[PDB]
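What follows is the content of structure_35.cif, which has mmCIF, C-alpha atoms and all ligand atoms:
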data_model
#
loop_
_atom_site.label_atom_id
_atom_site.label_comp_id
_atom_site.auth_asym_id
_atom_site.auth_seq_id
_atom_site.Cartn_x
_atom_site.Cartn_y
_atom_site.Cartn_z
CA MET E 1 8.90 28.79 2.87
CA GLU E 2 12.60 28.99 3.70
CA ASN E 3 13.47 27.59 0.26
CA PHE E 4 10.02 26.57 -0.97
CA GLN E 5 6.63 28.03 -1.82
CA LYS E 6 3.41 26.12 -1.22
CA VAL E 7 1.56 25.64 -4.50
CA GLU E 8 -1.32 24.14 -2.52
CA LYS E 9 -2.40 21.52 0.01
CA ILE E 10 -2.23 18.10 -1.64
CA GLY E 11 -3.95 16.65 1.40
CA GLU E 12 -3.72 15.58 5.02
CA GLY E 13 -1.95 12.23 4.97
CA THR E 14 -1.41 9.49 7.53
CA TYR E 15 1.52 11.39 9.07
CA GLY E 16 0.56 15.01 8.47
CA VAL E 17 -0.19 17.81 6.02
CA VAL E 18 1.13 17.31 2.48
CA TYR E 19 1.83 20.25 0.18
CA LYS E 20 2.67 20.52 -3.51
CA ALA E 21 5.60 22.90 -3.39
CA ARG E 22 8.10 24.50 -5.72
CA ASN E 23 11.75 24.86 -4.79
CA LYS E 24 12.43 28.58 -5.26
CA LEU E 25 16.06 27.87 -6.19
CA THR E 26 16.00 24.76 -8.39
CA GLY E 27 12.48 25.35 -9.67
CA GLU E 28 11.62 21.69 -9.10
CA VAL E 29 8.05 20.82 -8.06
CA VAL E 30 7.86 18.38 -5.14
CA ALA E 31 5.55 16.97 -2.48
CA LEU E 32 6.33 18.26 0.98
CA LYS E 33 5.10 16.29 3.98
CA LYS E 34 5.31 17.93 7.41
CA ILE E 35 5.59 15.18 10.01
CA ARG E 36 3.76 15.31 13.34
CA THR E 41 4.97 15.43 17.93
CA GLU E 42 7.30 17.34 20.26
CA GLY E 43 10.66 15.60 19.99
CA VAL E 44 11.14 13.49 16.85
CA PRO E 45 13.41 10.59 18.00
CA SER E 46 16.86 10.59 16.40
CA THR E 47 16.26 6.90 15.73
CA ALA E 48 13.59 7.95 13.23
CA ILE E 49 15.95 10.44 11.57
CA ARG E 50 18.64 7.85 10.81
CA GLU E 51 15.99 5.33 9.72
CA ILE E 52 14.35 7.75 7.30
CA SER E 53 17.67 9.12 6.04
CA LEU E 54 18.52 5.54 5.01
CA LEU E 55 15.53 5.53 2.67
CA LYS E 56 17.03 8.37 0.62
CA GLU E 57 19.23 5.66 -0.91
CA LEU E 58 16.34 3.34 -1.77
CA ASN E 59 16.02 4.41 -5.42
CA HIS E 60 14.01 2.45 -8.01
CA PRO E 61 11.76 3.54 -10.90
CA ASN E 62 8.68 2.16 -9.14
CA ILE E 63 9.36 3.78 -5.79
CA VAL E 64 8.55 7.45 -5.17
CA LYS E 65 11.94 9.08 -4.60
CA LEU E 66 12.53 10.61 -1.18
CA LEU E 67 14.57 13.69 -2.14
CA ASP E 68 15.23 15.05 1.33
CA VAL E 69 14.63 14.68 5.03
CA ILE E 70 14.75 18.04 6.76
CA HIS E 71 14.92 18.29 10.52
CA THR E 72 15.08 22.02 11.27
CA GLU E 73 13.20 24.27 13.69
CA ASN E 74 12.79 20.97 15.56
CA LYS E 75 10.21 19.80 12.99
CA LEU E 76 10.30 16.98 10.39
CA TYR E 77 9.78 17.62 6.68
CA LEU E 78 9.94 14.92 4.03
CA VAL E 79 10.47 16.04 0.44
CA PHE E 80 9.29 13.60 -2.24
CA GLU E 81 9.29 13.50 -6.02
CA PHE E 82 5.89 14.68 -7.20
CA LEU E 83 3.36 12.71 -9.24
CA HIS E 84 0.02 14.19 -10.29
CA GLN E 85 -2.43 11.44 -9.32
CA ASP E 86 -2.93 8.46 -7.03
CA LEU E 87 -4.53 5.13 -7.90
CA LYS E 88 -7.53 5.76 -5.64
CA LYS E 89 -8.60 8.79 -7.67
CA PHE E 90 -7.81 6.99 -10.93
CA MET E 91 -9.99 3.98 -9.97
CA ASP E 92 -12.85 6.32 -9.10
CA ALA E 93 -12.45 8.10 -12.44
CA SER E 94 -12.45 4.71 -14.21
CA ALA E 95 -15.44 3.37 -12.24
CA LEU E 96 -17.92 3.39 -15.15
CA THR E 97 -15.72 1.53 -17.60
CA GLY E 98 -13.14 -0.10 -15.35
CA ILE E 99 -9.36 -0.02 -15.82
CA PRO E 100 -8.48 -2.08 -18.91
CA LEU E 101 -6.88 -5.47 -18.06
CA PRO E 102 -3.61 -4.73 -19.88
CA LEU E 103 -3.22 -1.63 -17.69
CA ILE E 104 -4.21 -3.46 -14.48
CA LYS E 105 -1.58 -6.05 -15.42
CA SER E 106 1.10 -3.43 -16.18
CA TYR E 107 0.39 -1.67 -12.88
CA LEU E 108 0.50 -4.90 -10.85
CA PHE E 109 3.74 -5.98 -12.60
CA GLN E 110 5.45 -2.64 -11.84
CA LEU E 111 4.25 -2.65 -8.22
CA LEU E 112 5.64 -6.18 -7.72
CA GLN E 113 8.99 -5.04 -9.17
CA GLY E 114 8.92 -2.18 -6.66
CA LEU E 115 8.14 -4.55 -3.80
CA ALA E 116 10.79 -7.07 -4.95
CA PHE E 117 13.33 -4.25 -4.84
CA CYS E 118 12.31 -2.98 -1.40
CA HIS E 119 12.01 -6.46 0.04
CA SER E 120 15.45 -7.47 -1.30
CA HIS E 121 16.75 -4.46 0.69
CA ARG E 122 14.90 -5.52 3.83
CA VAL E 123 12.48 -2.61 3.61
CA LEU E 124 8.74 -3.20 4.12
CA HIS E 125 5.91 -0.83 3.34
CA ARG E 126 3.35 -2.17 5.89
CA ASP E 127 0.54 0.18 4.82
CA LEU E 128 -0.08 -0.16 1.08
CA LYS E 129 -3.35 1.24 -0.29
CA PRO E 130 -4.59 2.82 -3.52
CA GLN E 131 -3.94 6.28 -2.10
CA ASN E 132 -0.23 5.40 -1.66
CA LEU E 133 0.19 4.32 -5.29
CA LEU E 134 1.05 7.23 -7.57
CA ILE E 135 0.79 7.31 -11.35
CA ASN E 136 2.00 9.59 -14.15
CA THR E 137 1.13 10.13 -17.80
CA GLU E 138 3.72 7.67 -19.06
CA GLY E 139 2.08 4.54 -17.68
CA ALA E 140 4.31 4.32 -14.62
CA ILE E 141 3.01 3.61 -11.12
CA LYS E 142 5.06 4.09 -7.96
CA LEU E 143 4.87 3.00 -4.33
CA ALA E 144 4.85 5.99 -1.95
CA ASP E 145 5.76 5.90 1.78
CA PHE E 146 7.93 2.77 1.85
CA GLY E 147 9.67 2.33 5.21
CA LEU E 148 7.97 5.21 7.02
CA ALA E 149 5.86 2.84 9.15
CA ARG E 150 8.87 1.02 10.63
CA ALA E 151 10.66 4.33 11.21
CA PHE E 152 7.49 5.31 13.09
CA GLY E 153 6.34 2.09 14.78
CA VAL E 154 2.53 2.07 14.66
CA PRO E 155 0.28 4.41 12.58
CA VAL E 156 -3.05 4.41 14.46
CA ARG E 157 -4.32 7.71 13.04
CA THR E 158 -3.23 10.53 10.72
CA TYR E 159 -2.69 13.71 12.77
CA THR E 160 -6.20 15.16 12.71
CA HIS E 161 -8.73 12.53 13.79
CA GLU E 162 -8.90 10.73 10.43
CA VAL E 163 -10.08 7.11 10.15
CA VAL E 164 -7.30 4.68 9.17
CA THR E 165 -8.53 2.24 6.52
CA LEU E 166 -8.06 -1.40 7.50
CA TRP E 167 -9.18 -2.69 4.10
CA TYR E 168 -5.69 -3.75 3.00
CA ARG E 169 -4.33 -5.12 6.28
CA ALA E 170 -3.04 -8.73 6.24
CA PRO E 171 -4.69 -11.19 8.66
CA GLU E 172 -1.55 -11.80 10.74
CA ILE E 173 -1.54 -8.09 11.61
CA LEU E 174 -5.22 -8.24 12.56
CA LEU E 175 -4.60 -11.29 14.78
CA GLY E 176 -2.01 -9.36 16.78
CA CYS E 177 1.23 -10.69 15.30
CA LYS E 178 3.99 -8.37 16.49
CA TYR E 179 6.53 -9.15 13.78
CA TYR E 180 5.73 -8.07 10.23
CA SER E 181 7.15 -9.87 7.22
CA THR E 182 7.40 -8.96 3.55
CA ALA E 183 4.22 -11.02 3.19
CA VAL E 184 2.03 -8.24 4.58
CA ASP E 185 2.79 -6.14 1.47
CA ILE E 186 1.93 -8.96 -0.91
CA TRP E 187 -1.44 -9.33 0.87
CA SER E 188 -2.24 -5.61 0.53
CA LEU E 189 -1.28 -5.63 -3.14
CA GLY E 190 -3.47 -8.67 -3.69
CA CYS E 191 -6.43 -6.72 -2.20
CA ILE E 192 -5.61 -3.79 -4.49
CA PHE E 193 -5.34 -6.10 -7.54
CA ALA E 194 -8.83 -7.47 -6.77
CA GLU E 195 -10.20 -3.95 -6.31
CA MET E 196 -8.88 -2.77 -9.71
CA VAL E 197 -10.48 -5.85 -11.30
CA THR E 198 -13.94 -5.73 -9.67
CA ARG E 199 -14.07 -1.95 -9.07
CA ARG E 200 -15.05 -2.62 -5.48
CA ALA E 201 -12.90 -2.96 -2.36
CA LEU E 202 -12.33 -6.64 -1.59
CA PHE E 203 -12.60 -6.42 2.23
CA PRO E 204 -14.04 -3.04 3.22
CA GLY E 205 -14.01 -3.51 6.99
CA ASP E 206 -15.16 -0.69 9.22
CA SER E 207 -13.60 -2.03 12.46
CA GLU E 208 -10.74 -4.42 13.15
CA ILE E 209 -13.07 -7.34 13.85
CA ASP E 210 -15.34 -6.49 10.92
CA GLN E 211 -12.18 -6.49 8.74
CA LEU E 212 -11.13 -9.89 10.04
CA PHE E 213 -14.61 -11.36 9.69
CA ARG E 214 -15.03 -10.03 6.13
CA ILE E 215 -11.79 -11.84 5.28
CA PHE E 216 -13.01 -14.99 7.06
CA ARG E 217 -16.36 -14.89 5.28
CA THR E 218 -14.61 -14.97 1.92
CA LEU E 219 -11.48 -17.07 2.32
CA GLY E 220 -12.92 -19.21 5.10
CA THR E 221 -12.13 -19.06 8.81
CA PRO E 222 -8.47 -20.14 9.03
CA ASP E 223 -7.49 -23.26 10.96
CA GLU E 224 -4.33 -25.17 11.83
CA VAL E 225 -4.47 -27.07 8.53
CA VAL E 226 -4.25 -24.06 6.19
CA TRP E 227 -2.38 -21.85 8.67
CA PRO E 228 -0.15 -23.70 11.18
CA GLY E 229 0.05 -21.68 14.38
CA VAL E 230 -2.95 -19.45 13.74
CA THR E 231 -4.81 -20.64 16.87
CA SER E 232 -1.95 -19.41 19.09
CA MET E 233 -1.80 -15.91 17.64
CA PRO E 234 -2.27 -13.07 20.20
CA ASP E 235 -5.82 -12.08 19.26
CA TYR E 236 -7.13 -15.38 17.94
CA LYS E 237 -10.28 -16.53 19.74
CA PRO E 238 -11.63 -20.09 19.63
CA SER E 239 -15.01 -18.36 19.58
CA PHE E 240 -14.46 -17.00 16.04
CA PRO E 241 -17.37 -18.18 13.87
CA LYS E 242 -16.36 -20.85 11.38
CA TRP E 243 -17.15 -19.76 7.83
CA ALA E 244 -16.64 -21.96 4.77
CA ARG E 245 -14.32 -20.75 2.02
CA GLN E 246 -16.01 -19.18 -0.98
CA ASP E 247 -15.19 -20.20 -4.55
CA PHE E 248 -12.57 -17.84 -5.96
CA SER E 249 -14.51 -17.56 -9.24
CA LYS E 250 -17.18 -15.69 -7.30
CA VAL E 251 -14.69 -13.30 -5.62
CA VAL E 252 -13.07 -11.54 -8.59
CA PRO E 253 -15.21 -12.24 -11.64
CA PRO E 254 -14.53 -12.00 -14.49
CA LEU E 255 -10.76 -12.40 -13.98
CA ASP E 256 -9.25 -15.34 -15.91
CA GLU E 257 -7.64 -18.37 -14.24
CA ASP E 258 -4.11 -16.97 -14.58
CA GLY E 259 -5.20 -13.90 -12.62
CA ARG E 260 -7.30 -15.86 -10.08
CA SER E 261 -4.38 -18.23 -9.58
CA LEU E 262 -1.93 -15.37 -8.85
CA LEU E 263 -4.42 -13.61 -6.60
CA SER E 264 -5.02 -16.80 -4.57
CA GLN E 265 -1.28 -17.10 -3.95
CA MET E 266 -1.06 -13.46 -2.87
CA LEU E 267 -3.94 -14.10 -0.43
CA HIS E 268 -2.83 -17.35 1.22
CA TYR E 269 -3.46 -17.10 4.97
CA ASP E 270 -0.09 -18.46 6.07
CA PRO E 271 2.42 -15.58 5.56
CA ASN E 272 4.99 -18.29 4.76
CA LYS E 273 2.99 -19.84 1.94
CA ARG E 274 2.06 -16.43 0.51
CA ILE E 275 3.93 -15.78 -2.77
CA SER E 276 6.93 -13.45 -2.79
CA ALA E 277 7.05 -10.41 -5.06
CA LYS E 278 9.94 -12.04 -6.96
CA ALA E 279 8.07 -15.30 -7.58
CA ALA E 280 4.86 -13.43 -8.44
CA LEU E 281 6.73 -11.68 -11.27
CA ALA E 282 7.37 -15.07 -12.91
CA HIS E 283 3.66 -16.10 -12.72
CA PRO E 284 2.06 -17.03 -16.10
CA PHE E 285 -0.35 -14.14 -15.61
CA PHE E 286 2.46 -11.80 -16.75
CA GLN E 287 3.38 -13.74 -19.89
CA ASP E 288 1.77 -11.08 -22.11
CA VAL E 289 2.39 -8.02 -19.94
CA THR E 290 2.89 -4.67 -21.70
CA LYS E 291 3.02 -1.02 -20.65
CA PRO E 292 -0.12 0.84 -21.85
CA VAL E 293 -0.61 4.60 -21.62
CA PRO E 294 -3.41 5.60 -19.24
CA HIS E 295 -6.02 8.29 -19.90
CA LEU E 296 -5.14 10.82 -17.19
CA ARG E 297 -7.21 13.96 -16.86
CA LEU E 298 -5.12 16.38 -14.77
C1 LIG E 301 -1.36 13.70 -0.07
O1 LIG E 301 -0.61 12.58 -0.47
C2 LIG E 301 0.38 12.68 -1.42
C3 LIG E 301 0.04 12.79 -2.80
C4 LIG E 301 1.05 12.89 -3.82
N1 LIG E 301 0.73 12.99 -5.09
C5 LIG E 301 -0.60 12.66 -5.66
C6 LIG E 301 -1.49 13.89 -5.72
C7 LIG E 301 -2.78 13.88 -5.14
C8 LIG E 301 -3.61 15.03 -5.20
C9 LIG E 301 -3.10 16.17 -5.84
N2 LIG E 301 -1.85 16.21 -6.42
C10 LIG E 301 -1.07 15.08 -6.35
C11 LIG E 301 2.43 12.87 -3.42
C12 LIG E 301 3.45 12.96 -4.33
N3 LIG E 301 4.66 12.41 -4.03
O2 LIG E 301 3.29 13.51 -5.40
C13 LIG E 301 2.77 12.76 -2.04
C14 LIG E 301 1.77 12.66 -1.03
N4 LIG E 301 2.12 12.55 0.21
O3 LIG E 301 1.31 12.04 1.10
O4 LIG E 301 3.32 12.95 0.61
#
Kindly transcribe the structure held in the file into structure tokens.
Amino acid sequence: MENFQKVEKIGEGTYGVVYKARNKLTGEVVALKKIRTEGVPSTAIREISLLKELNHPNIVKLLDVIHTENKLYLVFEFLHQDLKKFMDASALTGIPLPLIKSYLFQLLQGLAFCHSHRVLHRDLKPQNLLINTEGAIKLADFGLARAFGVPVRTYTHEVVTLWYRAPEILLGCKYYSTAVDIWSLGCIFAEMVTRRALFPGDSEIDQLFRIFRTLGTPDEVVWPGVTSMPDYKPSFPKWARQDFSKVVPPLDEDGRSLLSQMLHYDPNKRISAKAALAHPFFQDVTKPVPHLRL
């Protein structure tokens, strides 16, 4: 391109086409995301530009925001693999617990950092978690959602996964809190453990009902105010809560305990990233080297 050279198409993300590219001048290899539609609000430019300062070892660095030719390009540090591909590659044997624990610990540090800076992700999923050969894992796309209101779809009729969406979002709550990210990470934690998505909904109501069938239909006792949420319906079926030991076997009680706190219905009772880091589950955390085949 003007200063780059497409090495290939890394994919077709939630916002647009993503290319692995090499800077012709510096020689650095980066991920280039071309954002979708015919104006690009200046509000989004200032918002995104702010994220260039959000630097942490567990957050994918946003190197540049280029608004030229009236188009929007986001330049990110490049990592060779995402957690979704890695979990598929580890499907037969499963990701070893020490590595699951290291990944969860690093992700929580990343969230604690973003959340302490009043930045929410809002759309965490295995595909947005990038890993390298040194055992590091990083959150990609933090803050883009807010700087772009609602996602809906990618840019080429692609189906948005609802699997990691917190219940308050599904019940129509208009204001997101840091708690939505904890929920998504809890779903991801469970998926790494069992090797199966925790709530693989295929519609918004199927998503909600899958959650209800496992954690029990929420009520005013466990979630004060839930019955007044925008999309709550008194006609929701009432399902009994399932024993946690049946949800993520064979995770130990430290892990089940942390997961249950990351999955509390009430966003206000849900554990913060900071508090989660102090959970006994991380008492023996280490940083193993993964087996990446690139
Ligand atoms: C398409 O998604 C992405 C994937 C990425 N890497 C993981 C990867 C996956 C497949 C092949 N090669 C690398 C990166 C990045 N920052 O390195 C960015 C985006 N993105 O959305 O900006």
Kindly compile the residues surrounding ligand LIG 301 (chain E) within 9 Å, counting all atoms listed in the file, and format them as an MDAnalysis selection string.
chainID E and resid 8:20 30:34 64:66 78:87 89 131:135 144:145 298
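CA of residue 139 (chain E) lies 5.8 Å from CA of residue 294 (chain E).
With distances restricted to all atoms listed in the file, E:60 is the closest residue to residue 110 (chain E) from E:51, E:126, E:295, E:60.
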Can you pull out the residues contacting region 239-252 of chain E? Cut-off 8 Å, using only C-alpha atoms, and skip same-chain residues under 3 positions away; I want them as a ChimeraX atom specification.
/E:194,197-198,216-221,236,255,260,264
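For the atom pair formed by CA of residue 109 (chain E) and CA of residue 281 (chain E), the distance is 6.6 Å, given to one decimal.
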Nearest to residue 181 (chain E) by atom-to-atom distance, counting all atoms listed in the file, from E:111, E:123, E:128, E:296
E:123
Where is the centre and how long are the edges: axis-aligned box on region 140-159 of chain E, 3 Å on each side, Å to one decimal, as AutoDock Vina command-line options:
--center_x 3.2 --center_y 7.4 --center_z 0.1 --size_x 21.0 --size_y 18.7 --size_z 35.4
Please, can region 25-43 of chain E be completed to N, CA, C and O atoms and returned as a PDB file, keeping the file's coordinate frame?
ATOM      1  N   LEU E  25      14.744  27.873  -5.557  1.00  0.00           N
ATOM      2  CA  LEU E  25      16.060  27.870  -6.190  1.00  0.00           C
ATOM      3  C   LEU E  25      16.155  27.008  -7.441  1.00  0.00           C
ATOM      4  O   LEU E  25      16.433  27.512  -8.528  1.00  0.00           O
ATOM      5  N   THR E  26      15.933  25.708  -7.280  1.00  0.00           N
ATOM      6  CA  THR E  26      16.000  24.760  -8.390  1.00  0.00           C
ATOM      7  C   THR E  26      14.801  24.830  -9.336  1.00  0.00           C
ATOM      8  O   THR E  26      14.910  24.478 -10.505  1.00  0.00           O
ATOM      9  N   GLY E  27      13.660  25.279  -8.834  1.00  0.00           N
ATOM     10  CA  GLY E  27      12.480  25.350  -9.670  1.00  0.00           C
ATOM     11  C   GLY E  27      11.756  24.012  -9.753  1.00  0.00           C
ATOM     12  O   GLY E  27      10.739  23.892 -10.437  1.00  0.00           O
ATOM     13  N   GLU E  28      12.268  22.997  -9.062  1.00  0.00           N
ATOM     14  CA  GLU E  28      11.620  21.690  -9.100  1.00  0.00           C
ATOM     15  C   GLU E  28      10.326  21.700  -8.281  1.00  0.00           C
ATOM     16  O   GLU E  28      10.228  22.375  -7.255  1.00  0.00           O
ATOM     17  N   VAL E  29       9.334  20.954  -8.754  1.00  0.00           N
ATOM     18  CA  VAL E  29       8.050  20.820  -8.060  1.00  0.00           C
ATOM     19  C   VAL E  29       8.119  19.503  -7.294  1.00  0.00           C
ATOM     20  O   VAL E  29       8.487  18.469  -7.854  1.00  0.00           O
ATOM     21  N   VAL E  30       7.777  19.545  -6.009  1.00  0.00           N
ATOM     22  CA  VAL E  30       7.860  18.380  -5.140  1.00  0.00           C
ATOM     23  C   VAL E  30       6.666  18.272  -4.199  1.00  0.00           C
ATOM     24  O   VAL E  30       5.819  19.164  -4.144  1.00  0.00           O
ATOM     25  N   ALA E  31       6.603  17.164  -3.466  1.00  0.00           N
ATOM     26  CA  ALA E  31       5.550  16.970  -2.480  1.00  0.00           C
ATOM     27  C   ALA E  31       6.264  17.126  -1.150  1.00  0.00           C
ATOM     28  O   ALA E  31       7.284  16.483  -0.889  1.00  0.00           O
ATOM     29  N   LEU E  32       5.728  17.994  -0.308  1.00  0.00           N
ATOM     30  CA  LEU E  32       6.330  18.260   0.980  1.00  0.00           C
ATOM     31  C   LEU E  32       5.414  17.769   2.094  1.00  0.00           C
ATOM     32  O   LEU E  32       4.278  18.229   2.222  1.00  0.00           O
ATOM     33  N   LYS E  33       5.897  16.820   2.883  1.00  0.00           N
ATOM     34  CA  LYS E  33       5.100  16.290   3.980  1.00  0.00           C
ATOM     35  C   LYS E  33       5.700  16.752   5.310  1.00  0.00           C
ATOM     36  O   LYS E  33       6.868  16.505   5.592  1.00  0.00           O
ATOM     37  N   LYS E  34       4.894  17.443   6.103  1.00  0.00           N
ATOM     38  CA  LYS E  34       5.310  17.930   7.410  1.00  0.00           C
ATOM     39  C   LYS E  34       4.918  16.846   8.400  1.00  0.00           C
ATOM     40  O   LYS E  34       3.735  16.553   8.562  1.00  0.00           O
ATOM     41  N   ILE E  35       5.895  16.244   9.065  1.00  0.00           N
ATOM     42  CA  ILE E  35       5.590  15.180  10.010  1.00  0.00           C
ATOM     43  C   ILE E  35       5.236  15.672  11.406  1.00  0.00           C
ATOM     44  O   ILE E  35       5.841  16.611  11.924  1.00  0.00           O
ATOM     45  N   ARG E  36       4.246  15.013  12.001  1.00  0.00           N
ATOM     46  CA  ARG E  36       3.760  15.310  13.340  1.00  0.00           C
ATOM     47  C   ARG E  36       4.820  15.014  14.405  1.00  0.00           C
ATOM     48  O   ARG E  36       5.394  15.925  15.009  1.00  0.00           O
ATOM     49  N   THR E  41       5.937  14.356  17.722  1.00  0.00           N
ATOM     50  CA  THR E  41       4.970  15.430  17.930  1.00  0.00           C
ATOM     51  C   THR E  41       5.626  16.610  18.638  1.00  0.00           C
ATOM     52  O   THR E  41       5.264  17.764  18.407  1.00  0.00           O
ATOM     53  N   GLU E  42       6.589  16.310  19.506  1.00  0.00           N
ATOM     54  CA  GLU E  42       7.300  17.340  20.260  1.00  0.00           C
ATOM     55  C   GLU E  42       8.725  16.912  20.586  1.00  0.00           C
ATOM     56  O   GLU E  42       9.292  17.340  21.592  1.00  0.00           O
ATOM     57  N   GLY E  43       9.304  16.063  19.740  1.00  0.00           N
ATOM     58  CA  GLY E  43      10.660  15.600  19.990  1.00  0.00           C
ATOM     59  C   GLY E  43      11.338  14.990  18.773  1.00  0.00           C
ATOM     60  O   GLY E  43      12.506  15.278  18.504  1.00  0.00           O
TER      61      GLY E  43
END
